[PDB]
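Okay, here's what each chain looks like letter by letter:
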Amino acid sequence: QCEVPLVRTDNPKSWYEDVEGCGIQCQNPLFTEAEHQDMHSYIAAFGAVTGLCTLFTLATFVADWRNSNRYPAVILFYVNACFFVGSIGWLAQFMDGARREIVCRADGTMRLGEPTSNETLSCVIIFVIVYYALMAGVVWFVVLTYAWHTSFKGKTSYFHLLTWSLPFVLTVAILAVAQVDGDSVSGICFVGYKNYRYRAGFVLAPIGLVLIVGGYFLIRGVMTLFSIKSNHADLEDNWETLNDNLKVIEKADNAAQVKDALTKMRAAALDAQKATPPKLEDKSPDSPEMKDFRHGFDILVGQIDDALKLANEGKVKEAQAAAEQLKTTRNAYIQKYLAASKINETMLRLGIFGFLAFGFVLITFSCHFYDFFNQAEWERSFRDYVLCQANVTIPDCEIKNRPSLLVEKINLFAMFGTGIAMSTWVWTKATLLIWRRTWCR
Ligand SMILES: CC1=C2C[C@H]3[C@@H](CC=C4C[C@@H](O)CC[C@@]43C)[C@@H]2CC[C@]12O[C@@H]1C[C@H](C)CN[C@H]1[C@H]2C
């Protein structure tokens, strides 16, 4: 009765749409066996590489767990933790005969509407292991960005309830609606393949959520470093040009250079006043300390304007004399706030890893968008192809459009590429000693 891609099944539960005794075949009808075994080889690579890289970092973080549980470094361990769990699920398919066990029902049809009766949970198990790891990962990614964010403006750890609960609820949720569909080319079960509304609601949207949140802490994070960094530079720049012109006023032999220098000094004196020093980054624009800063220049420029009041009249012997008195004013209201700023490489690399993680997560969001965007067509060209290839009666039947294997190879590059990058948090020149030190056993 049946005909490719429809396969014979006595099971009423597996019948396709309203066709008698015909369910949809397990192996994805939208891809050739060549595309399967190529895509499997892909995952086998990145799946295995990341799985090892992460476990190396897990195994290292526990080799100094005493001095590797303190924030913010402990985050990268839980970020790595989730990744190692995720890698497991993907690598599960390559076990001989598992890829068919995860995706196919009893009657040789691709798993759908899982969890279902009389069908082993080997599908929903894989879906849980992955979906939980994925979500627990990005939630811990928010923790990572938030920790880096506030390090300038902390032992408190009430994230655990949040990082472990939110993925759990989301997991139980998809199970409740029973929308764990299966796929052969990837070798994993996941939410809403047949019904992609669940995929958008449970994957695209939560990832889109952590993106805008995780970003805000990275955006408002670098702006805190951009402020501190640029402000010291702005103060340093002026202080130096100020001390140059100071050296020009003395060496000068006319009232023209002294006036010009005094103006170059005043032009820098003011531009330096319009900046929050790195020592007062945490204070308010209307705070007391910030007040003494800006007021310190109101006196300074006053001293300059006094000198200018002598340079213009032509009192060079007396204008240069005021420039000497500017040394003490300088040392008072400038040398104090100037300089003094250290960030530590601990936060530098967290910024690197904070941003590097953000990027590859944004890619994952992009993939699951397109996959969600064009699927409505992949349904049309399928339902038509089913009715076509069944109409064979005795080239014409050919699938119009399908999921781009490129988009997946891109996703699985970034999805794993993150875990590979997150694993290099412990690739510093200080970690080898940790392993040599514990090596004594
Ligand atoms: C087969 C199939 C699909 C294979 C597609 C999936 C969207 C995303 C990916 C990810 C990508 O890496 C590989 C390909 C994969 C798994 C798509 C969902 C719709 C459909 O499932 C329906 C079941 C239903 C019974 C009938 N109609 C069926 C088909 C329209």
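Residues numbered from 1 in each chain as written, not as in the entry; some residues may be left out. Heavy atoms only, no water. Residues with missing side-chain atoms left out of burial classes, pairs and counts.

Right, let's get into the site of the ligand. The local shell around the ligand holds 17 residues, among which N28, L112, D183, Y193 and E408 are the closest. Protein contacts shield 93% of the accessible area of the ligand, which totals 610 Å² for the unbound molecule. Ranked by the residues each element gives to the shell around the ligand, the list is headed by helix α11 (residues 375-390), at four residues. Its residues assigned to classes, the shell around the ligand shows nine nonpolar, two polar and six charged. (Near = heavy atom within 4 Å. Areas by Shrake-Rupley, 256 points an atom, 1.4 Å probe, with all protein chains shown as cover. Helix = DSSP H or I, 4+ residues; strand = E, 2+ residues; numbered from the N terminus. Nonpolar A, V, L, I, M, F, W, Y, C, P; charged D, E, K, R; others polar.)

In a packed pair of helices, the relevant descriptors are the angle between the two axes and the axis-to-axis distance. Interaxial distance between helix α4 (residues 122-149) and helix α10 (residues 345-373) falls to 10 Å at its minimum, and their mutual angle equals 140°. Handedness of the α4/α10 crossing: left-handed. Contact residues: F141, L144 and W148 in α4; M347, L350, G351, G354, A357 and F358 in α10. Its residues assigned to classes, the contact of α4 with α10 shows seven nonpolar, two polar and no charged. (Axes fitted to C-alpha atoms, helices over the stretch in contact; angles between N-to-C directions. Left-handed = near helix turned anticlockwise from the far one by under 90°. Contact = heavy atoms within 4.5 Å.)

Before going further, it helps to examine the UniProt feature "disulfide bond" in the chain. Judged by the 2.5 Å criterion, the UniProt-annotated disulfide of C2 with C22 is present, its S-S distance being 2.0 Å. Linking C2 in the segment before β1 (6-8) with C22 in strand β2 (residues 22-24), this pair joins segments that are 20 residues apart in sequence. Residue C22 is classed as buried on the basis of its relative accessible area of 2%. With a threshold of 2.5 Å on the sulfur distance, the UniProt-listed cystine of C388 and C397 is realised in this model at 2.0 Å. According to the relative accessible area criterion, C388 is partly exposed, its value standing at 22%. (Disulfide = S-S within 2.5 Å. UniProt positions renumbered as here; feature names shortened; annotations may be inferred. Buried < 20%, exposed > 50% of the residue type's maximum accessible area, 1.4 Å probe, protein only.)

Time to look at the environment of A48. Note on placement: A48 falls in helix α1 (residues 33-61). As a C-alpha pair, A48 and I88 span 40 residues in sequence and 8.8 Å in three-dimensional space. The contacts of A48, once residues within four sequence positions are left out, are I43 and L91.

Inspection of every chain in the model, using the stated rule, returns 26 aromatic pairs. With a centroid separation of 6.3 Å and 70° between ring planes, the pair formed by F127 and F190 is classed as edge-to-face. With a relative accessible area of 6%, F190 lands in the buried category. An angle of 65° between the planes, with centres 5.6 Å apart, marks the rings of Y370 and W378 as edge-to-face. The exposure class of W378 is buried, given its relative accessible area of 7%. (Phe/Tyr/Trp six-rings, centres within 6.5 Å; stacked < 30°, edge-to-face > 60°.)

In terms of domains, the chain is made up of domain 1 (6-221 + 343-438) and domain 2 (225-333). Centre-to-centre, using C-alpha coordinates, domain 1 lies 58 Å away from domain 2. (Domains from an automatic or database assignment.)

What UniProt calls "transmembrane region" maps, in this numbering, to residues 43-63, 72-92, 124-144, 158-178, 202-222, 350-370 and 415-435. Along residues 43-63 the backbone is 90% helical and 0% strand, and the end-to-end C-alpha distance reaches 29 Å. End C-alpha atoms of residues 415-435 are separated by 28 Å, and the span's content is 62% helix alongside 0% strand.

Turning next to the state of the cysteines. All chains considered together, the criterion is met by four disulfides. Each sulfur in the disulfide pair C388 and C397 lies 2.0 Å from the other. The sign of the S-S torsion, about -105°, decides the handedness of the disulfide formed by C388 and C397: left-handed. Disulfide partners in the chain, listed by the sequence order of the bonded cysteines, are 1-2, 3-4, 5-6, 7-8.

Between the first and last C-alpha of helix α5 (residues 160-177) there are 26 Å, a value that for 18 residues agrees with the 26 Å anticipated at 1.5 Å per step. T163, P167, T171 and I174 are the residues of α5 that are buried. For α5, the angular spread of buried residues about the axis comes to 65°, placing them on one side. For α5, the exposed residues set more than 90 degrees away from the buried face come down to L161, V169 and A176. Those residues of α5 hidden inside the fold are in contact with α4, β3 (180-183), β4 (188-191) and α6 (196-251). (Expected span 1.5 Å × (residues − 1). Arc of directions from axis to C-beta.)

Secondary-structure assignment places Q93 in the loop between α2 (73-91) and α3 (98-103). Within the structure, the side chain of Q93 is placed 3.2 Å from the backbone oxygen of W90, a separation counted as a polar contact. The contacts of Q93, once residues within four sequence positions are left out, are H40, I43, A98, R99, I102, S184, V185, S186 and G187. (Polar contact = N/O pair within 3.5 Å; in protein donor to acceptor, adjacent residues only side chain to side chain.)

At the junction of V4 and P5, the peptide bond is cis and its omega measures out at 0° in the coordinates. Summarising the element assignment, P5 is placed in the segment before β1. Even without a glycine there, the phi angle at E17 is positive, about 55°. In this structure, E17 sits in the loop between β1 and β2. The residue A340 is not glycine, and still its phi comes out positive at about 65°.

Our next topic: the pattern of salt bridges. Within the structure shown, the criterion is met by eleven salt bridges. In this structure, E35 and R402 form a salt bridge, with 2.5 Å as the shortest nitrogen-oxygen distance. Residue class for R402 comes out partly exposed when judged on its relative accessible area of 34%. We note a salt bridge from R199 to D371, for which the minimum N-O separation is 2.9 Å. With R199 in helix α6 and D371 in helix α10, the pair connects residues that are 172 residues apart, well separated along the chain. (Salt bridge = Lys/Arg side-chain N within 4 Å of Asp/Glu carboxyl O.)

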